[PDB]
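One structure is given here, and the rest of the page talks about it.
Number of protein chains: 2
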Amino acid sequence: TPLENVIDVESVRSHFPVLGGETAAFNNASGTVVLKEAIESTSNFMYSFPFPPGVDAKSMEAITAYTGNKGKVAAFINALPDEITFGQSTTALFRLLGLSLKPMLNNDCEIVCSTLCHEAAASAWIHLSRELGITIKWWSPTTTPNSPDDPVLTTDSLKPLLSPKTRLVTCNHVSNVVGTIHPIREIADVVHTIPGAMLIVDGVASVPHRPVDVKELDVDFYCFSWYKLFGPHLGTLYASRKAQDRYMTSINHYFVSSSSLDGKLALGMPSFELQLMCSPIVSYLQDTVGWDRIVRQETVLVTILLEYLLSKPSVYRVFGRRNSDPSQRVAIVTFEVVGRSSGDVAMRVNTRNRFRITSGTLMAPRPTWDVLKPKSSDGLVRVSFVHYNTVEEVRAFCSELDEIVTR
Amino acid sequence: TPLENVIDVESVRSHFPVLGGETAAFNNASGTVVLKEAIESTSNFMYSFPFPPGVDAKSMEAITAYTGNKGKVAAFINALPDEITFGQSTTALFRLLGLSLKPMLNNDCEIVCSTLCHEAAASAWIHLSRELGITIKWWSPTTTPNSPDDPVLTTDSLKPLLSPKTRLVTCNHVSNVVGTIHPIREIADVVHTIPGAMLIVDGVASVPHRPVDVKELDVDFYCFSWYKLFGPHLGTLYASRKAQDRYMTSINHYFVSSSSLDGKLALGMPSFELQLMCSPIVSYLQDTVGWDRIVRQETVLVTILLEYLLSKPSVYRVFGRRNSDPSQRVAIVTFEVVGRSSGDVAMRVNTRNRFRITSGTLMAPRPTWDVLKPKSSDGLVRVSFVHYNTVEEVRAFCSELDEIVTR
Numbered sequence: 031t032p033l034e035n036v037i038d039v040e041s042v043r044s045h046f047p048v049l050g051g052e053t054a055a056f057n058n059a060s061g062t063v064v065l066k067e068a069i070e071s072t073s074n075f076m077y078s079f080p081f082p083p084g085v086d087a088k089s090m091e092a093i094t095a096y097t098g099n100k101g102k103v104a105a106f107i108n109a110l111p112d113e114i115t116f117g118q119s120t121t122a123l124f125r126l127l128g129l130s131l132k133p134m135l136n137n138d139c140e141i142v143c144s145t146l147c148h149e150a151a152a153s154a155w156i157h158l159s160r161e162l163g164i165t166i167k168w169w170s171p172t173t174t175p176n177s178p179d180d181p182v183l184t185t186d187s188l189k190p191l192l193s194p195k196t197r198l199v200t201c202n203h204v205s206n207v208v209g210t211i212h213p214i215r216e217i218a219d220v221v222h223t224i225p226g227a228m229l230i231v232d233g234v235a236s237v238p239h240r241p242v243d244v245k246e247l248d249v250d251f252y253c254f255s256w257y258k259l260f261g262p263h264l265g266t267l268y269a270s271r272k273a274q275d276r277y278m279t280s281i282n283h284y285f286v287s288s289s290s291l292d293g294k295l296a297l298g299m300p301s302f303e304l305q306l307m308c309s310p311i312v313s314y315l316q317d318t319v320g321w322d323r324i325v326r327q328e329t330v331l332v333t334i335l336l337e338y339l340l341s342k343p344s345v346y347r348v349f350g351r352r353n354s355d356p357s358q359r360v361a362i363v364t365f366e367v368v369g370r371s372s373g374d375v376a377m378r379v380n381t382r383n384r385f386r387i388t389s390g391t392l393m394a395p396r397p398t399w400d401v402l403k404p405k406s407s408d409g410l411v412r413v414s415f416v417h418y419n420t421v422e423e424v425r426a427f428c429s430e431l432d433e434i435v436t437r
Numbered sequence: 031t032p033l034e035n036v037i038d039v040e041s042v043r044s045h046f047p048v049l050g051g052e053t054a055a056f057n058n059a060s061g062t063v064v065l066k067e068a069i070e071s072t073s074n075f076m077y078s079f080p081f082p083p084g085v086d087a088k089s090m091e092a093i094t095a096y097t098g099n100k101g102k103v104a105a106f107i108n109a110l111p112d113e114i115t116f117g118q119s120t121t122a123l124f125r126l127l128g129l130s131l132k133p134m135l136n137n138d139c140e141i142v143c144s145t146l147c148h149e150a151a152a153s154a155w156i157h158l159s160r161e162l163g164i165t166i167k168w169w170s171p172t173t174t175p176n177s178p179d180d181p182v183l184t185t186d187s188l189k190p191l192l193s194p195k196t197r198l199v200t201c202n203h204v205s206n207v208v209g210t211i212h213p214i215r216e217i218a219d220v221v222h223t224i225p226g227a228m229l230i231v232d233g234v235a236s237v238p239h240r241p242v243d244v245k246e247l248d249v250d251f252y253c254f255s256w257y258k259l260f261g262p263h264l265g266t267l268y269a270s271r272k273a274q275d276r277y278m279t280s281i282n283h284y285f286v287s288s289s290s291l292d293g294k295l296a297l298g299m300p301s302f303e304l305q306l307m308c309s310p311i312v313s314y315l316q317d318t319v320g321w322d323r324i325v326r327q328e329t330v331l332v333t334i335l336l337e338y339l340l341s342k343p344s345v346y347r348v349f350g351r352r353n354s355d356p357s358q359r360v361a362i363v364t365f366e367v368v369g370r371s372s373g374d375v376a377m378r379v380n381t382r383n384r385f386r387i388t389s390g391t392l393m394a395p396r397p398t399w400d401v402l403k404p405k406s407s408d409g410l411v412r413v414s415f416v417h418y419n420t421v422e423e424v425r426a427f428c429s430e431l432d433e434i435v436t437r
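Residue numbers (UniProt numbering), protein chains in the order written: chain A, 31 to 437; chain B, 31 to 437.
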């Protein structure tokens, strides 16, 4: 039978009013449409009496709403509230984590970084390394000759780079230019065979597509960005109690208690108005739509796009996993058109403005140019779906892309 | 004649709907009510098609709106757009500026810090000093025996601490626990007698109360926080072209152009939704109400509060300038009640919940405990007005405060 939508298109898209227009949103890995309920929540807070709140009954209700919001976001990733903090961005929070870790590190310790890392991560650990006088032991992904454009992160590739002096291992849960799901719990179990070693995971390309449980991942640190999750431009970093007590030094004022992650890393007054946009998104994803429908909807969308791209192997070179299986890969699909500029293809699609896609290095030169290695000087073409995208849109996009390349 | 409001109370307070309730907002130095037009602006952006924007006509109009917003904010302080950047907070932006300056500094250079500095500043320059192996040459303010609780920042106190190896001088335009206006252009002219030396000014307690022109101040760096300015929890840092080209190193990804301040200091995707709240505030302050009415309204409010406090010298010890003159001091008034806890006084006022005030160290231990030195273990009482506060409110507050202390 022809593949159809799993979601109620109208019910889901009622929360995202701009999706009714001419242009379909196929660049969600660079930023999603904001959840209506999230905007309504921040409006209500910003129209309310300002922080810092008083001791009166109405002020205590506003404190309960703030603490409640943090409690739900913490439960979203199965963390305790004192194990999470809100920041400017993942790039910022990774840099501040570096400053927190630096005092208990030195030039004798080893940092292992995945070459599939976003520069948000790479820049943090390059800067930390340079300040400590460390040279990074870079961790290359594995390709097999039958799947040369499908880079995989394996424990077997990591083990040779590990030593008794390994202290930092850094990788992503998903690469924003590949879309493959890495085996984080397996990597964590291997990293933790080295006493003193900590695993830092960039989960920016994961948390929007899959339910996350940082305790089941047994990661030391996990970080994600709400603007790829129907939310504001705002980061959230997780740090285990063990990792906080053993590895972290406060970067905050001397008089601020350093027990919580907020205490250690929170620089100035936090953006309460942006934080309170987040609990509405948690309840929307978990309860209103649910992960079963989200994953199934996104899987069907990836099936239709891969079906068309893999149908013409002489035209399209698909990077990453060449199946739509949910446990294997999320709805981030990178490819290049053989003998054509990726920029030229993206411009032609975006100029027509029926679909919004992107091309280039996508703030990830190491995975793009050192691993995937597109023939195009302009780099990769990327289409990225979320659950509010429709089968009808993907089918129409495949027709338009075909027209552009067949000309 | 009895002092009356200069503003149209109803017209001004139409932009701040929560001001109609029971509680009067007298803790504006910790956070103001958000401008209605600012909330409406961010709503419209967040309901609009997400960034990063396309090449279509409607996307280019959204780019023009973003660039236009930055252009107006830059003109608000008489800076060029490439001389300003938005950040998480003043505390964060000062810390990132430290990282940018550090590579071209060493243990032979001297950092001079005012003891009137907020810990937002102190923490930045303490951390930078510790990383470079520098000990700060702390700059004490001047008191005279006839005005012992009125600390002043003088060029004459600064000169002995200056050497040919001075590279950083740091102070605030206004202290959040004093409210006195410091002579920044005079300090700048003196700092610039030392070639290579740069002046960094914390203007968080200034920009809400007075028009600012960073070119007339001739400061190297100026920083302020929008949440004390009827806006979001969001910082803006200015850096002169000279200061950028000569003193700053990019902390951003290797592939990002370092010509603009954004290029140098912007970590991850900026919070566009919070930035676009700012141009509405610029047009509200400059054109809708205007600085003449704002300064005159705030001056009358300070006159009524000081009048009452100075009327009972045996009860109230007033810190800072004991006049309401606009060129001398802004509407931030700190005092303590003789033989009474500052905390006890604040609790009694806030519990009644007719007025919102604050007590304590207010994230400024150095000015509070090392300069002002209140007799109370609980520190200072602070009342802070902005132009939307009324003479009727201040008169009523004076009566309530009297009742609490006369008991």
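Quick reminder that beta carbons are idealized off the backbone N, C-alpha and C, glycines included.
Starting from residue i, trace the alpha helix (DSSP H) in both directions and tell me its first and last residue.
| i | result |
| --- | --- |
| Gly-128 of chain B | 120 to 131 |
| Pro-310 of chain A | 308 to 313 |
| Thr-436 of chain B | 421 to 436 |
| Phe-349 of chain B | It is not in any alpha helix (DSSP H) - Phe-349 of chain B carries neither H nor E in the DSSP assignment. |
| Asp-219 of chain B | 214 to 221 |
| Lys-245 of chain A | 244 to 247 |
| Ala-154 of chain B | 149 to 162 |
Hey, would you say residue i sits closer than 8 angstroms to residue j, going by beta carbons?
| i | j | result |
| --- | --- | --- |
| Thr-196 of chain B | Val-142 of chain B | yes |
| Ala-227 of chain A | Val-199 of chain A | yes |
| residue 438 of chain B | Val-348 of chain B | Outside the displayed span of chain B (31 to 437) sits residue 438 of chain B, for which this structure offers no information. |
| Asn-206 of chain B | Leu-392 of chain B | yes |
| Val-36 of chain A | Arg-323 of chain A | yes |
| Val-244 of chain A | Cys-201 of chain A | no |
| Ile-311 of chain B | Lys-294 of chain B | no |
Anything in chain C within Cβ reach of residue i, meaning under 8 angstroms, just list it in chain order.
| i | result |
| --- | --- |
| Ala-122 of chain B | Any reference to chain C falls outside this structure, whose protein chains are A and B. |
Go through its chain and collect everything with a Cβ distance to residue i's Cβ below 6 angstroms, but skip five positions before and after it.
| i | result |
| --- | --- |
| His-222 of chain B | none |
| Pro-241 of chain B | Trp-321 |
| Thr-120 of chain B | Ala-150, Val-234, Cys-253, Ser-255 and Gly-265 |
| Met-377 of chain B | none |
| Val-325 of chain A | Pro-356 |
Cutting at 7 angstroms between CB atoms, please list the residues of its own chain near residue i, excluding the five before and the five after it.
| i | result |
| --- | --- |
| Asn-383 of chain B | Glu-52 and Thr-53 |
| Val-237 of chain A | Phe-254 and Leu-259 |
| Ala-152 of chain B | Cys-143 and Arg-396 |
| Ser-60 of chain B | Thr-388 |
| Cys-308 of chain B | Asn-99, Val-103, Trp-256 and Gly-261 |
Name, in chain order, the residues that DSSP records as bridge partners for residue i.
| i | result |
| --- | --- |
| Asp-232 of chain B | B:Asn-202 and B:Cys-253 |
| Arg-359 of chain A | A:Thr-210 |
| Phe-385 of chain B | B:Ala-54 |
| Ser-177 of chain A | A:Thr-174 |
| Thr-364 of chain A | A:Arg-412 |
| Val-375 of chain A | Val-375 of chain A is not bridged to any residue. |
Since residue i contacts residue j with CB under 8 angstroms, what's their CB separation in whole angstroms?
| i | j | result |
| --- | --- | --- |
| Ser-287 of chain B | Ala-361 of chain B | Incorrect: roughly 42 angstroms between the Cβ atoms, too far for contact. |
| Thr-364 of chain B | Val-208 of chain B | 6 angstroms |
| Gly-101 of chain B | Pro-111 of chain B | 6 angstroms |
| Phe-79 of chain B | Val-48 of chain A | 5 angstroms |
| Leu-291 of chain B | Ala-269 of chain B | 5 angstroms |
| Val-416 of chain B | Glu-328 of chain B | 7 angstroms |
| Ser-406 of chain A | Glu-433 of chain A | About 20 angstroms; that fails the 8 angstroms criterion. |
| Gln-358 of chain A | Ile-217 of chain A | So it is not a contact: roughly 16 angstroms between Cβ atoms. |
Where do the N-terminal and C-terminal ends of the beta strand (DSSP E) with residue i fall, by residue?
| i | result |
| --- | --- |
| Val-413 of chain B | 410 to 414 |
| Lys-195 of chain A | That residue, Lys-195 of chain A, is in no beta strand (DSSP E); it is neither H nor E in DSSP. |
| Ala-59 of chain A | Looking at the DSSP string, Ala-59 of chain A is not in any beta strand (DSSP E), and its letter there is neither H nor E. |
| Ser-144 of chain B | 140 to 144 |
| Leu-188 of chain B | Segment 185 to 188 is the alpha helix (DSSP H) holding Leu-188 of chain B; no beta strand (DSSP E) there. |
| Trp-168 of chain A | 167 to 169 |
| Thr-94 of chain B | Note, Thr-94 of chain B: premise wrong, no beta strand (DSSP E); alpha helix (DSSP H) at 87 to 106. |
| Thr-115 of chain B | 114 to 117 |
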